[PDB]
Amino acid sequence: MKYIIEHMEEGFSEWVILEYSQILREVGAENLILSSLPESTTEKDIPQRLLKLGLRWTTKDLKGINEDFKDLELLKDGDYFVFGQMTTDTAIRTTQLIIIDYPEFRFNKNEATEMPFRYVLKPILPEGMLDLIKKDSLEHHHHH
């Protein structure tokens, strides 16, 4: 299975960079395509971390993918899996498997954050995601 992700909004959040990086490291650059990027986009609009991993991306929609990437299997009516709750990397991780819900992460200094998604468990996160979650977690506090 190959994966297509529509990324239309401008710029790449750190969250998304970590997610796409994990996906690339798990299925490989030949199995992921970003489609429908803003017309503005050139190759320095793309994060260096993603470029280093060989990210396939285009401004064309998913039907223009075979136009831009001649080494890919044609998109046929009715092989590919498209992203128009799980995180995107979790969703892809499970699909790979086939072919814990609302986990609470507890950190140092009495901090904790629960994440509003289902995850795969020996929870699997993109590399660096735990640090990013920690980064937005507020100092030890009590809700009254």
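Numbering starts at 1 and runs along the sequence shown. Rigid core here is just the name for the largest C-alpha set that superposes within 1.5 Å across the two forms.
Asker: In 4 other deposited structures of this protein, superposed on the rigid core, which stretch sits farther off in Cα RMS terms, 123-131 or 7-15?
Answerer: With the rigid core superposed, the C-alphas that lie farther in 4 other deposited structures of this protein are those of 7-15.
Asker: Superpose on the core, then say which of 27-35 and 101-109 ends up with the larger RMS Cα offset from this form in 4 other deposited structures of this protein.
Answerer: Per-stretch check in 4 other deposited structures of this protein: the more divergent one is 101-109.
Asker: Are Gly78 and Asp79 truly consecutive in the deposited sequence, or are residues between them missing coordinates? Give the number as none, 1 to 3, 4 to 9, or 10 or more.
Answerer: The entry leaves 10 or more residues without coordinates here.
Asker: I need to verify one thing: averaged over C-alpha atoms only, is the B-factor higher for 87-95 or for 37-45?
Answerer: It is 37-45 that shows the higher mean C-alpha B-factor.
Asker: For the higher mean C-alpha B factor in the entry, choose 61-69 or 23-31.
Answerer: In the deposited entry, the stretch with the higher C-alpha B-factor mean is 61-69.
Asker: Say you rank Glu14, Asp136, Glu127, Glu10 by Cα B-factor from the PDB entry; which sits at the top?
Answerer: Most elevated C-alpha B-factor of the set, per the entry: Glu10.
Asker: Can you pull the Cα B-factors for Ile100, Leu50, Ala112, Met115 from the entry and say which is highest?
Answerer: So the option with the highest C-alpha B-factor is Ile100.
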